Amino acid sequence: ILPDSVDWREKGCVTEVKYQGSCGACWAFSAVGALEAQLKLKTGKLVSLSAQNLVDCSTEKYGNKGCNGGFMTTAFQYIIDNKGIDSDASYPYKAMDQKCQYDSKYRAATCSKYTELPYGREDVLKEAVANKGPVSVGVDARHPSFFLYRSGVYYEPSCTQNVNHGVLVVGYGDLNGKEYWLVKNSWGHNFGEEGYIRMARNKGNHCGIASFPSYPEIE
Ligand SMILES: CNC(=O)O[C@H]1COc2ccc(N3CCN(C4COC4)CC3)cc2[C@@H]1NC(=O)c1ccc(F)cc1
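- For this deposited structure, the header cites X-ray crystallography as the method used and 1.58 Å as the resolution.

Printed below as a string of structure tokens:
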């Protein structure tokens with residue numbers, strides 16, 4: 001039995017919404033948001049982690065291309081290999097590709113492992129969001145309805161299961177009969193419901209939300 005609804009924001013495991021600007025660093029934002037939750041669960045401290053560190057440092061060896069896109073899984077692998085990631089404060093986001101400037105003097109978190117969930121399985125995603133923490137996922141965001149979303153449960157009949165934008169599932173629920181995933185985006189507070197979008201849940205892997213989910217853990 002899983003809870004009927006989950007909201008990790010209420011358990012203090014979610015940092016302020018970030019603003020990626022012109023740079024396709026959604027994957028980095030998704031990755032740090034997932035690790036921020038684990039850091040809080042382990043240490044009690046909620047600390048924004050450096051998306052810029054990932055953009056600049058988890059690069060070709062990780063199949064990542066900074067502002068041109070990347071993968072949350074290989075971002076986790078970089079944090080494992082690197083033995084750390086800097087705080088956002090120390091290594092701020094600039095919405096552009098820079099030289100790697102990782103400095104262990106400002107290490108704010110580590111990662112020991114990550115787990116990838118099976119393709120399209122919204123049940124397995126629900127279990128992880130309930131039992132483990134916020135989960136990094138991709139979605140198909142290439143529709144004007146997504147960009148223009150303001151409120152309620154988002155459903156786009158033209159959506160596909162092929163992902164192109166990284167976001168973070170921080171919960172799930174039901175809004176007057178419409179089941180949803182509660183998603184933290186990185187398009188600032190101006191987007192959606194103060195930075196969040198509620199996306200259709202149990203609607204055949206809508207927009208690919210359960211196509212490629214993953215989450216990190218800290219030893
Ligand atoms: C800017 N958008 C952005 O980064 O979106 C992220 C969102 O998260 C995910 C999650 C899963 C996947 N999968 C793709 C398919 N792959 C299967 C295995 O064999 C094919 C599994 C992993 C892709 C992505 C996206 N990455 C890119 O599209 C991307 C774009 C340019 C790059 F250089 C690198 C990456």
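Further notes follow.
Description of the state of the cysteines
Item 1. Scanning all chains against the criterion turns up three disulfides.
Item 2. Bridging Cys23 to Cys67, the disulfide has an S-S length of 2.0 Å. Handedness of the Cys23-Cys67 disulfide follows from its S-S torsion of about -85°: it is left-handed. Here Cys67 lies in the loop between α2 (51-57) and α3 (72-82) and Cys23 lies in the loop between β1 (6-7) and α1 (26-43), a separation of 44 residues in the sequence. Each member of the pair, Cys23 as well as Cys67, carries the same accessibility label: buried.
Item 3. Between the sulfur atoms of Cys159 and its disulfide mate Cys207 the distance is 2.0 Å. An S-S torsion of about 105° defines the bridge between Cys159 and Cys207 as right-handed. Of the two residues, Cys159 sits in the loop between β6 (153-154) and β7 (165-175) while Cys207 sits in the loop between β9 (196-200) and β10 (214-217), which places them 48 residues apart along the sequence.
Item 4. Since its relative accessible area comes to 1%, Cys207 is described here as buried.
Item 5. Listing the disulfide partners of the protein by sequence rank of the bonded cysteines yields 1-3, 2-4, 5-6.
Item 6. Free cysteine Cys26: the closest other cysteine sulfur is in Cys23, separated by 8.9 Å.

Digging into helix α4 (residues 122-131)
Think of an α-helix as turning once every 3.6 residues; residues three or four places apart then point the same way.
Item 1. Of all the residues in α4, the buried ones are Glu122, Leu125, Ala128, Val129 and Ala130.
Item 2. The elements touched by buried residues of α4 are β1, β5 (135-139), β7, β8 (178-184), β9 and β10.

Thoughts on the packing of aromatic side chains
Item 1. This model, assessed by the stated rule, comprises 12 aromatic pairs.
Item 2. Residues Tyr62 and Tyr78 carry aromatic rings whose centres are separated by 5.7 Å and whose planes lie at 90° to one another, so their mutual orientation is edge-to-face. Pair noted here: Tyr62 is in the loop between α2 and α3 and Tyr78 is in helix α3, with a separation of 16 residues, a long-range link.
Item 3. For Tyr62, a relative accessible area of 11% puts it in the buried group.

What to know about the environment of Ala210
Item 1. For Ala210, the location among the structural elements is in the loop between β9 and β10.
Item 2. Sequence separation between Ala210 and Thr43 is 167 residues, and the spatial gap between their C-alpha atoms is 29 Å.
Item 3. Once residues within four sequence positions are removed from consideration, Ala210 is found in contact with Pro118, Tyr119, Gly120, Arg121, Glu122, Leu125 and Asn205.

Concerning the UniProt feature "active site" in the protein
Item 1. Sequence positions flagged by UniProt for "active site" are, in local numbering, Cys26, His165 and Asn185. For the annotated residues, spread through 160 residues, the largest C-alpha to C-alpha distance comes to 9.5 Å, consistent with a single compact locus.
Item 2. With residues up to four places along the chain from it excluded, the contact list for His165 reads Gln20, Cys26, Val137, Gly138, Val139, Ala141, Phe146, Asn185 and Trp187.
Item 3. Along the chain, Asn185 falls in the loop between β8 and β9.
Item 4. You can call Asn185 buried: its relative accessible area is 3%.
Item 5. Discounting residues that sit within four places of it in the chain, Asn185 has contacts with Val17, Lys18, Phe146, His165, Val167, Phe191 and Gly195.

A few points about a nonpolar patch on the surface
Item 1. On the surface, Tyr119, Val163 and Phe212 cluster together into a nonpolar patch covering about 300 Å² of accessible area.
Item 2. Looking at the secondary structure, you find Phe212 in the loop between β9 and β10.
Item 3. On the basis of relative accessibility, which here comes to 52%, the residue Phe212 falls in the exposed class.

A look at the pairing of β9
Item 1. Of all five residues making up β9, five are buried, and the element is well covered by its neighbours.
Item 2. Bridge count between β6 and β9: two bridges; the pairing is parallel. Pairing of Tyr154 across the sheet is with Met199, part of β9.
Item 3. Pairing of β8 with β9, which is carried by five bridges, proceeds in the antiparallel orientation. Its bridge partner lying in β9, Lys184 is registered against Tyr196.

Rules used throughout
- Residues numbered from 1 in each chain as written, not as in the entry; some residues may be left out.
- Heavy atoms only, no water.
- Residues with missing side-chain atoms left out of burial classes, pairs and counts.
- Disulfide = S-S within 2.5 Å.
- Helix = DSSP H or I, 4+ residues; strand = E, 2+ residues; numbered from the N terminus.
- Buried < 20%, exposed > 50% of the residue type's maximum accessible area, 1.4 Å probe, protein only.
- Contact = heavy atoms within 4.5 Å.
- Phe/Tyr/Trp six-rings, centres within 6.5 Å; stacked < 30°, edge-to-face > 60°.
- UniProt positions renumbered as here; feature names shortened; annotations may be inferred.
- Patch = residues over 30% accessible without salt bridge, like charges linked within 9 Å, V, L, I, M, F, W, Y side chains within 5 Å.
- Areas by Shrake-Rupley, 256 points an atom, 1.4 Å probe, with all protein chains shown as cover.
- Salt bridge = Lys/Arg side-chain N within 4 Å of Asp/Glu carboxyl O.
- Pairing = 2+ DSSP bridges.

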